[PDB]
Amino acid sequence: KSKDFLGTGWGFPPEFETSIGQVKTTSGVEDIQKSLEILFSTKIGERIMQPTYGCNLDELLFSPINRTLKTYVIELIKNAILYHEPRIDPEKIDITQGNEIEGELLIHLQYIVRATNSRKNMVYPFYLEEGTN
Amino acid sequence: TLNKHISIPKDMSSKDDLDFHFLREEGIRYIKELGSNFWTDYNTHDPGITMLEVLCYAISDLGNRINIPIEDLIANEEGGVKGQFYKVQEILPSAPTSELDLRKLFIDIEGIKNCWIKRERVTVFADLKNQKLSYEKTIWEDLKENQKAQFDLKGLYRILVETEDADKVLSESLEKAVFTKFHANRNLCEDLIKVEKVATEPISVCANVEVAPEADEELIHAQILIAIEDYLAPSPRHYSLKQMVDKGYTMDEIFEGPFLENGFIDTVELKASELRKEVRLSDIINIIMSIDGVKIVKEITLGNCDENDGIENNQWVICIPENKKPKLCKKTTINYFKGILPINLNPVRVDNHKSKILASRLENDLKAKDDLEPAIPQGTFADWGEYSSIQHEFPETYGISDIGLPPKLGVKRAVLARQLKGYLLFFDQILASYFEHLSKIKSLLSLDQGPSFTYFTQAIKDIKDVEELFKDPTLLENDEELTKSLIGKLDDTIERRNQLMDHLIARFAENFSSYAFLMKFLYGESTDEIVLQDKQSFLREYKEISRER
Amino acid sequence: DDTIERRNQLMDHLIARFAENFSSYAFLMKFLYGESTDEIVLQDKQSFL
């Protein structure tokens, strides 16, 4: 019960059970992994009063793969995390092409979960006295 | 009941046993005052100073456990407070000896709504010429006027019972219940003669009542009718503990009388529900006028219900004989009007309203049966006397730790390490005693049975060679033998045990001082053991002793 | 939806706006009809307006 500032919440593809009248929830590291799935699945203007939430990775569809592109991809990913996921620090972004013919680009993101609580983390019994900005 | 944010204070200064820096400074001050002629180097490489800091650390640990809350320090392994305290359900209630207590006692027999307690006057007549007495006035035949006497008896009872059944007599099962409880719980020099059903007096009420043009007459009738019946013969209701608390009563008051299994009974209501002596129109009118929808009572009258009820006085107040309960005569009636037109009521609709109004009262009396007691805070249990040797706080260089000392350093250094372990045991045995003493608080203040010793010690076994350091290792296998050997006589058990017992006895406002000398007429030196045994027995048996007087 | 009570409240308000009053129907109609008065009375109030 030491790791209570990562928090608890709804699972992303919310599932409803009938063996008990409840919706499944996630916590800790599991919760972090689903947060990342949400962020990179939504476009910048799709939320109603949150006009700047999501990412622009679609800009790179139907384009050739080179050094300039790879630099741009890395920048897009890092900024989305700095703005929207306070609980982690990116470690490495590995961008490679696994198919000579099929139009595939493979991106592997590795990251580290923070041991100390961020000033941007809105978890209920903490942000009240620790959420300065 | 929400979670709060948790933080730690920044002013770490208390000037007491929990303040490390404070203790360290005092330590050095004492050293200079006592030994500065020989020990002047107080630098940090000094073994002397190193030992002081270790001891200061150990002191803080002890102080920290002393501050653990009582709920945990005296907890039982299985929970509860059986041998420590008597609970309110057990120590506050009193046997029933008053008139109100008796009414509360019997009113809880199922089927009984109310009870009244009256006194019998049995008369005995006597012949003062020839001292002789009899229940007959025949005892006075042939005597002069100044040779006669009468005395009345002083402690006999009659119980008047009002039941739910509305039958002519009491069920024999009620008579058995009342007699059983009376005899089981009675005062010295008092007795019960008869249990019987309360007598009644019938009263008529007749009226013409105008109601609002938009009003439910069947409901108005059911409401007026109930309210008049309650005026004539009120009864108390049972309450939950939560409700008694909401009313503003405290613990001393809630538990003042006999404990009742069916819920609490409010003394005010009980006093109010006495047999009525007078009935009057000024109250009956107010009952009717207060019912929502009633506008005008155009005609109203009371009267003793009787036959040939022709022209008679208004009877503005009707008086009731001394042992009767008033009851509506069922020849009563109310004519309802709207404007100038009479309206008709249906019996089935009225019965339904009356039933609902009263049935909802039963529901509350039943709910009152569950909430009969307050909560008690509960702690945990965790061997509060656990102790670790201070020898584990030193560096490896000293050689008194678990990994030992490397062979290449020679025998002499290994020997010197042994000498230091010996010295340090003088500090550990004392600290171990204090921790051990916390583990015994429960016994020292026990209501079931206290210990034979008042001071305690422990074997220390987290030191690798204690089997060689001690001349006789046997003692390390049994803390009771170790106590007798190390503390021994210093523990003046007879005087200390008496002081503890006297304190506990005093908490109940009792006093055993006279045993100090009365027992010397029976026993010699052996009285000290006898008296302590008797004092412990007294505390164990106290719950009944103070109650069933 | 307790229609009978709610419909009467609306009708009474509208009638009151013209300073009129149908309170007496509440009992006078019971000398003519039984339970069926609730429907009859609402029909009459609408006709009046």
# chains A, B, ... in the order shown; residues from 1 in each chain; ligands from 1
$ select_by_dssp --residues "region 184-433 of chain B" --states "strand (DSSP E)" --output "VMD selection string"
chain B and resid 191 to 197 199 to 211 238 to 239 264 to 265 278 to 280 294 to 304 317 to 319 324 to 328 333 to 338 341 to 342
$ closest_atom_pairs --of "chain B" --to "chain A" --cutoff "12 Å" --atoms "only C-alpha atoms" --output "JSON lines"
{"residue": "B:2", "atom": "CA", "partner": "A:125", "partner_atom": "CA", "distance": 9.3}
{"residue": "B:3", "atom": "CA", "partner": "A:125", "partner_atom": "CA", "distance": 6.7}
{"residue": "B:4", "atom": "CA", "partner": "A:125", "partner_atom": "CA", "distance": 6.3}
{"residue": "B:5", "atom": "CA", "partner": "A:125", "partner_atom": "CA", "distance": 5.5}
{"residue": "B:6", "atom": "CA", "partner": "A:125", "partner_atom": "CA", "distance": 8.6}
{"residue": "B:7", "atom": "CA", "partner": "A:129", "partner_atom": "CA", "distance": 9.7}
$ write_last_selection --atoms "N, CA, C and O atoms" --output "PDB file, in the first residue's frame"
ATOM      1  N   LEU B   2     -13.266  10.269   5.305  1.00  0.00           N
ATOM      2  CA  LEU B   2     -12.506  10.231   4.073  1.00  0.00           C
ATOM      3  C   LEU B   2     -11.031  10.159   4.400  1.00  0.00           C
ATOM      4  O   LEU B   2     -10.622  10.414   5.532  1.00  0.00           O
ATOM      5  N   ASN B   3     -10.225   9.787   3.421  1.00  0.00           N
ATOM      6  CA  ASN B   3      -8.802   9.751   3.675  1.00  0.00           C
ATOM      7  C   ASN B   3      -8.223  11.148   3.621  1.00  0.00           C
ATOM      8  O   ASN B   3      -8.601  11.951   2.768  1.00  0.00           O
ATOM      9  N   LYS B   4      -7.283  11.417   4.516  1.00  0.00           N
ATOM     10  CA  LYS B   4      -6.581  12.682   4.557  1.00  0.00           C
ATOM     11  C   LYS B   4      -5.164  12.553   4.028  1.00  0.00           C
ATOM     12  O   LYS B   4      -4.598  11.466   3.986  1.00  0.00           O
ATOM     13  N   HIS B   5      -4.590  13.674   3.619  1.00  0.00           N
ATOM     14  CA  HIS B   5      -3.211  13.681   3.171  1.00  0.00           C
ATOM     15  C   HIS B   5      -2.309  13.535   4.386  1.00  0.00           C
ATOM     16  O   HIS B   5      -2.572  14.132   5.416  1.00  0.00           O
ATOM     17  N   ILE B   6      -1.230  12.769   4.250  1.00  0.00           N
ATOM     18  CA  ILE B   6      -0.299  12.462   5.339  1.00  0.00           C
ATOM     19  C   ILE B   6       1.058  13.130   5.168  1.00  0.00           C
ATOM     20  O   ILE B   6       1.681  13.028   4.113  1.00  0.00           O
ATOM     21  N   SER B   7       1.527  13.777   6.231  1.00  0.00           N
ATOM     22  CA  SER B   7       2.822  14.436   6.241  1.00  0.00           C
ATOM     23  C   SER B   7       3.510  14.297   7.589  1.00  0.00           C
ATOM     24  O   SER B   7       2.915  13.844   8.569  1.00  0.00           O
TER      25      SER B   7
END
$ closest_residue --among "B:191, B:214, B:261, B:246" --to "chain C" --atoms "only C-alpha atoms"
B:214
$ interface_residues --of "chain C" --to "chain B" --cutoff "10 Å" --atoms "only C-alpha atoms" --output "ChimeraX atom specification"
/C:23-28,30-31
$ residues_around --residues "region 13-28 of chain A" --least-positions-apart "4" --cutoff "12 Å" --atoms "only C-alpha atoms" --output "list in words"
residues 1, 2, 3, 4, 5, 6, 7, 8, 9, 32, 33, 34, 35, 37, 38, 87, 88, 113, 114, 115 and 123 of chain A
$ atom_distance --atom1 "CA of residue 203 (chain B)" --atom2 "CA of residue 303 (chain B)"
6.1 Å
$ residues_around --residues "region 18-22 of chain C" --least-positions-apart "2" --cutoff "10 Å" --atoms "only C-alpha atoms" --output "JSON list (two decimals) with N, CA and C atoms, in the first residue's frame"
[["chain", "number", "residue", "atom", "x", "y", "z"],
["C", 11, "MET", "N", -55.57, 22.11, -14.31],
["C", 11, "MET", "CA", -56.84, 22.72, -14.65],
["C", 11, "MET", "C", -57.23, 23.78, -13.65],
["C", 12, "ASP", "N", -56.98, 23.52, -12.37],
["C", 12, "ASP", "CA", -57.36, 24.48, -11.35],
["C", 12, "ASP", "C", -56.59, 25.76, -11.50],
["C", 13, "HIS", "N", -55.32, 25.66, -11.86],
["C", 13, "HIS", "CA", -54.54, 26.86, -12.09],
["C", 13, "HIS", "C", -55.12, 27.69, -13.23],
["C", 14, "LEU", "N", -55.41, 27.05, -14.36],
["C", 14, "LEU", "CA", -55.94, 27.81, -15.48],
["C", 14, "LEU", "C", -57.27, 28.46, -15.13],
["C", 15, "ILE", "N", -58.13, 27.75, -14.40],
["C", 15, "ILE", "CA", -59.43, 28.30, -14.01],
["C", 15, "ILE", "C", -59.25, 29.50, -13.09],
["C", 16, "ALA", "N", -58.32, 29.39, -12.14],
["C", 16, "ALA", "CA", -58.03, 30.46, -11.22],
["C", 16, "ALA", "C", -57.60, 31.73, -11.92],
["C", 24, "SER", "N", -66.63, 22.86, -5.47],
["C", 24, "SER", "CA", -67.82, 22.13, -5.05],
["C", 24, "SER", "C", -68.07, 20.84, -5.85],
["C", 25, "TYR", "N", -67.45, 20.68, -7.02],
["C", 25, "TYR", "CA", -67.67, 19.47, -7.80],
["C", 25, "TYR", "C", -67.09, 18.27, -7.10],
["C", 26, "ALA", "N", -66.13, 18.53, -6.23],
["C", 26, "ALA", "CA", -65.45, 17.50, -5.49],
["C", 26, "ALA", "C", -66.42, 16.67, -4.67],
["C", 41, "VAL", "N", -65.49, 14.96, -13.96],
["C", 41, "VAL", "CA", -65.12, 16.29, -13.51],
["C", 41, "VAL", "C", -64.04, 16.90, -14.38],
["C", 44, "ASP", "N", -65.64, 18.23, -17.54],
["C", 44, "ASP", "CA", -66.40, 19.45, -17.33],
["C", 44, "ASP", "C", -65.51, 20.67, -17.17],
["C", 45, "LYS", "N", -64.39, 20.53, -16.46],
["C", 45, "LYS", "CA", -63.50, 21.67, -16.29],
["C", 45, "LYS", "C", -62.94, 22.14, -17.63],
["C", 48, "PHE", "N", -65.60, 24.13, -19.50],
["C", 48, "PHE", "CA", -65.77, 25.45, -18.93],
["C", 48, "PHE", "C", -64.76, 26.43, -19.50],
["C", 49, "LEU", "N", -63.48, 26.06, -19.55],
["C", 49, "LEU", "CA", -62.51, 27.00, -20.10],
["C", 49, "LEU", "C", -62.81, 27.33, -21.56]]
$ select_by_dssp --residues "region 279-496 of chain B" --states "alpha helix (DSSP H)" --output "number ranges by chain"
B: 281-289, 347-367, 411-438, 441-444, 466-469, 479-486, 493-496
$ residues_around --residues "residue 279 (chain B)" --least-positions-apart "3" --cutoff "12 Å" --atoms "only C-alpha atoms" --output "PyMOL selection string"
chain B and resi 201-205+228-229+231-233+275-276+282-285+301-304+315-321+325-328
$ write_last_selection --atoms "N, CA, C and O atoms" --output "compact mmCIF listing (two decimals), in the first residue's frame"
# COMPACT_ATOMS: atom_id res chain seq x y z
N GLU B 201 -63.85 1.83 33.02
CA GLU B 201 -65.03 2.71 33.08
C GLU B 201 -65.36 3.25 31.68
O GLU B 201 -64.52 3.93 31.08
N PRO B 202 -66.55 2.99 31.12
CA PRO B 202 -66.95 3.43 29.77
C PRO B 202 -67.41 4.89 29.68
O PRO B 202 -68.27 5.33 30.45
N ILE B 203 -66.91 5.61 28.66
CA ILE B 203 -67.26 7.01 28.40
C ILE B 203 -67.79 7.21 26.98
O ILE B 203 -67.26 6.65 26.02
N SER B 204 -68.88 7.97 26.86
CA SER B 204 -69.45 8.31 25.57
C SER B 204 -69.01 9.68 25.09
O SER B 204 -68.92 10.62 25.87
N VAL B 205 -68.79 9.79 23.77
CA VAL B 205 -68.50 11.06 23.12
C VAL B 205 -69.41 11.16 21.90
O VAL B 205 -69.43 10.24 21.07
N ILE B 228 -58.33 10.26 20.31
CA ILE B 228 -59.08 10.23 21.56
C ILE B 228 -58.72 9.01 22.37
O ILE B 228 -58.57 9.10 23.60
N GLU B 229 -58.61 7.85 21.73
CA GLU B 229 -58.24 6.67 22.47
C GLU B 229 -56.88 6.82 23.15
O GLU B 229 -56.73 6.45 24.32
N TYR B 231 -55.46 9.62 24.19
CA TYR B 231 -55.65 10.52 25.33
C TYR B 231 -56.11 9.77 26.56
O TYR B 231 -55.55 9.91 27.65
N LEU B 232 -57.14 8.96 26.39
CA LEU B 232 -57.71 8.26 27.53
C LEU B 232 -56.75 7.25 28.15
O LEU B 232 -56.69 7.13 29.38
N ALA B 233 -55.96 6.53 27.34
CA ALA B 233 -55.09 5.49 27.89
C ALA B 233 -53.76 5.32 27.15
O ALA B 233 -53.59 4.37 26.40
N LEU B 275 -52.81 5.68 35.42
CA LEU B 275 -54.26 5.66 35.25
C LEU B 275 -54.83 7.07 35.44
O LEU B 275 -54.56 7.73 36.45
N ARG B 276 -55.62 7.50 34.47
CA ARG B 276 -56.26 8.81 34.45
C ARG B 276 -57.39 8.95 35.46
O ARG B 276 -58.21 8.05 35.59
N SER B 282 -62.66 20.29 27.45
CA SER B 282 -61.64 21.20 26.94
C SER B 282 -60.45 20.49 26.31
O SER B 282 -59.74 21.10 25.51
N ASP B 283 -60.24 19.21 26.61
CA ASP B 283 -59.14 18.52 25.95
C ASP B 283 -59.66 17.82 24.71
O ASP B 283 -58.99 17.83 23.67
N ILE B 284 -60.86 17.23 24.79
CA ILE B 284 -61.41 16.48 23.66
C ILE B 284 -61.64 17.40 22.48
O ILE B 284 -61.38 17.03 21.33
N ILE B 285 -62.12 18.62 22.74
CA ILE B 285 -62.35 19.57 21.67
C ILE B 285 -61.06 19.91 20.97
O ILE B 285 -61.01 19.92 19.74
N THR B 301 -70.60 16.63 23.17
CA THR B 301 -70.92 16.36 24.55
C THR B 301 -70.27 15.06 25.03
O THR B 301 -70.00 14.13 24.26
N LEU B 302 -70.00 15.02 26.34
CA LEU B 302 -69.49 13.86 27.04
C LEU B 302 -70.52 13.30 27.97
O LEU B 302 -71.35 14.03 28.50
N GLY B 303 -70.38 12.04 28.27
CA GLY B 303 -71.20 11.55 29.34
C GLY B 303 -70.85 10.16 29.76
O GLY B 303 -70.33 9.36 28.97
N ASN B 304 -71.14 9.86 31.01
CA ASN B 304 -70.91 8.51 31.48
C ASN B 304 -71.75 7.61 30.63
O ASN B 304 -72.92 7.90 30.41
N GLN B 315 -71.75 17.60 32.04
CA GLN B 315 -70.62 16.79 32.48
C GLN B 315 -69.30 17.26 31.88
O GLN B 315 -68.58 16.49 31.26
N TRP B 316 -69.00 18.54 32.09
CA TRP B 316 -67.81 19.16 31.53
C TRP B 316 -66.54 18.47 31.98
O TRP B 316 -65.51 18.55 31.31
N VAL B 317 -66.58 17.84 33.15
CA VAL B 317 -65.50 17.00 33.66
C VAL B 317 -66.08 15.74 34.28
O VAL B 317 -66.95 15.81 35.15
N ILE B 318 -65.57 14.59 33.86
CA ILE B 318 -65.98 13.29 34.40
C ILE B 318 -64.87 12.68 35.24
O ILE B 318 -63.74 12.52 34.78
N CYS B 319 -65.20 12.33 36.48
CA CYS B 319 -64.23 11.71 37.38
C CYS B 319 -64.30 10.18 37.30
O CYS B 319 -65.37 9.60 37.14
N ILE B 320 -63.14 9.55 37.46
CA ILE B 320 -62.97 8.10 37.35
C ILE B 320 -62.59 7.49 38.70
O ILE B 320 -61.72 8.03 39.39
N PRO B 321 -63.24 6.38 39.13
CA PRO B 321 -62.89 5.63 40.35
C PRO B 321 -61.42 5.21 40.35
O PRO B 321 -60.87 4.85 39.31
N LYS B 325 -59.45 2.13 34.52
CA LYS B 325 -58.96 2.75 33.32
C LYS B 325 -60.17 3.18 32.48
O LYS B 325 -61.09 2.40 32.34
N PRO B 326 -60.24 4.40 31.98
CA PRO B 326 -61.35 4.83 31.12
C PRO B 326 -61.25 4.20 29.73
O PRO B 326 -60.14 3.97 29.23
N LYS B 327 -62.39 3.95 29.08
CA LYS B 327 -62.39 3.38 27.72
C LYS B 327 -63.61 3.86 26.95
O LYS B 327 -64.67 3.92 27.57
N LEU B 328 -63.50 4.14 25.64
CA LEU B 328 -64.69 4.54 24.90
C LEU B 328 -65.69 3.40 24.92
O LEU B 328 -65.33 2.23 24.80
$ residues_around --residues "residue 372 (chain B)" --least-positions-apart "6" --cutoff "12 Å" --atoms "only C-alpha atoms" --output "PyMOL selection string"
chain B and resi 88-89+238-245+254-255+259-265
$ residues_around --residues "residue 73 (chain A)" --least-positions-apart "6" --cutoff "12 Å" --atoms "only C-alpha atoms" --output "list in words"
residues 55, 56, 57, 58, 59, 60, 61, 65, 66, 67, 79, 80, 93, 94, 95, 96, 105, 106, 107, 108 and 109 of chain A
$ write_last_selection --atoms "N, CA and C atoms" --output "PDB file, in the first residue's frame"
ATOM      1  N   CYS A  55      -2.239  12.617 -30.363  1.00  0.00           N
ATOM      2  CA  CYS A  55      -0.981  12.702 -31.096  1.00  0.00           C
ATOM      3  C   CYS A  55      -1.201  12.858 -32.594  1.00  0.00           C
ATOM      4  N   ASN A  56      -0.108  13.181 -33.294  1.00  0.00           N
ATOM      5  CA  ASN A  56      -0.097  13.403 -34.735  1.00  0.00           C
ATOM      6  C   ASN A  56       0.646  12.341 -35.539  1.00  0.00           C
ATOM      7  N   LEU A  57       0.734  11.102 -35.062  1.00  0.00           N
ATOM      8  CA  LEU A  57       1.524  10.111 -35.798  1.00  0.00           C
ATOM      9  C   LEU A  57       1.000   9.841 -37.220  1.00  0.00           C
ATOM     10  N   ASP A  58      -0.298  10.066 -37.475  1.00  0.00           N
ATOM     11  CA  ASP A  58      -0.893   9.858 -38.800  1.00  0.00           C
ATOM     12  C   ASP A  58      -0.294  10.723 -39.905  1.00  0.00           C
ATOM     13  N   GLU A  59       0.386  11.821 -39.557  1.00  0.00           N
ATOM     14  CA  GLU A  59       1.012  12.714 -40.536  1.00  0.00           C
ATOM     15  C   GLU A  59       2.040  12.001 -41.379  1.00  0.00           C
ATOM     16  N   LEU A  60       2.573  10.905 -40.879  1.00  0.00           N
ATOM     17  CA  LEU A  60       3.646  10.200 -41.526  1.00  0.00           C
ATOM     18  C   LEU A  60       3.178   9.026 -42.374  1.00  0.00           C
ATOM     19  N   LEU A  61       1.877   8.838 -42.542  1.00  0.00           N
ATOM     20  CA  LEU A  61       1.416   7.749 -43.388  1.00  0.00           C
ATOM     21  C   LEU A  61       1.685   8.095 -44.841  1.00  0.00           C
ATOM     22  N   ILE A  65      10.761   6.143 -45.603  1.00  0.00           N
ATOM     23  CA  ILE A  65      11.427   6.067 -44.310  1.00  0.00           C
ATOM     24  C   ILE A  65      12.893   6.482 -44.428  1.00  0.00           C
ATOM     25  N   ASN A  66      13.295   7.488 -43.648  1.00  0.00           N
ATOM     26  CA  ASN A  66      14.666   7.982 -43.651  1.00  0.00           C
ATOM     27  C   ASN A  66      14.996   8.595 -42.290  1.00  0.00           C
ATOM     28  N   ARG A  67      16.205   9.164 -42.194  1.00  0.00           N
ATOM     29  CA  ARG A  67      16.724   9.763 -40.959  1.00  0.00           C
ATOM     30  C   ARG A  67      15.912  10.965 -40.481  1.00  0.00           C
ATOM     31  N   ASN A  79       7.054  14.499 -26.857  1.00  0.00           N
ATOM     32  CA  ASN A  79       6.248  15.618 -26.393  1.00  0.00           C
ATOM     33  C   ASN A  79       4.893  15.168 -25.889  1.00  0.00           C
ATOM     34  N   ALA A  80       4.272  14.187 -26.552  1.00  0.00           N
ATOM     35  CA  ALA A  80       2.981  13.688 -26.096  1.00  0.00           C
ATOM     36  C   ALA A  80       3.070  13.133 -24.684  1.00  0.00           C
ATOM     37  N   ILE A  93      13.585   4.810 -27.703  1.00  0.00           N
ATOM     38  CA  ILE A  93      12.667   4.651 -28.822  1.00  0.00           C
ATOM     39  C   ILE A  93      13.431   4.040 -29.989  1.00  0.00           C
ATOM     40  N   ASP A  94      13.012   2.852 -30.405  1.00  0.00           N
ATOM     41  CA  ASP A  94      13.671   2.075 -31.447  1.00  0.00           C
ATOM     42  C   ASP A  94      12.755   1.999 -32.692  1.00  0.00           C
ATOM     43  N   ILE A  95      13.161   2.626 -33.801  1.00  0.00           N
ATOM     44  CA  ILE A  95      12.337   2.699 -35.017  1.00  0.00           C
ATOM     45  C   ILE A  95      12.975   1.908 -36.157  1.00  0.00           C
ATOM     46  N   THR A  96      12.293   0.847 -36.619  1.00  0.00           N
ATOM     47  CA  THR A  96      12.821  -0.023 -37.682  1.00  0.00           C
ATOM     48  C   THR A  96      11.775  -0.489 -38.707  1.00  0.00           C
ATOM     49  N   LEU A 105       6.028   0.087 -40.617  1.00  0.00           N
ATOM     50  CA  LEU A 105       7.020   0.763 -39.801  1.00  0.00           C
ATOM     51  C   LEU A 105       6.821   0.251 -38.384  1.00  0.00           C
ATOM     52  N   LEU A 106       7.893  -0.180 -37.735  1.00  0.00           N
ATOM     53  CA  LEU A 106       7.794  -0.785 -36.412  1.00  0.00           C
ATOM     54  C   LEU A 106       8.430   0.110 -35.360  1.00  0.00           C
ATOM     55  N   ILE A 107       7.657   0.527 -34.363  1.00  0.00           N
ATOM     56  CA  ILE A 107       8.182   1.416 -33.332  1.00  0.00           C
ATOM     57  C   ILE A 107       8.083   0.753 -31.968  1.00  0.00           C
ATOM     58  N   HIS A 108       9.215   0.623 -31.283  1.00  0.00           N
ATOM     59  CA  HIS A 108       9.253   0.016 -29.953  1.00  0.00           C
ATOM     60  C   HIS A 108       9.641   1.051 -28.890  1.00  0.00           C
ATOM     61  N   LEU A 109       8.710   1.353 -27.982  1.00  0.00           N
ATOM     62  CA  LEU A 109       8.935   2.303 -26.892  1.00  0.00           C
ATOM     63  C   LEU A 109       9.206   1.580 -25.583  1.00  0.00           C
TER      64      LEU A 109
END
$ atom_distance --atom1 "CA of residue 182 (chain B)" --atom2 "CA of residue 122 (chain B)"
19.7 Å
$ atom_distance --atom1 "CA of residue 104 (chain B)" --atom2 "CA of residue 258 (chain B)"
7.9 Å
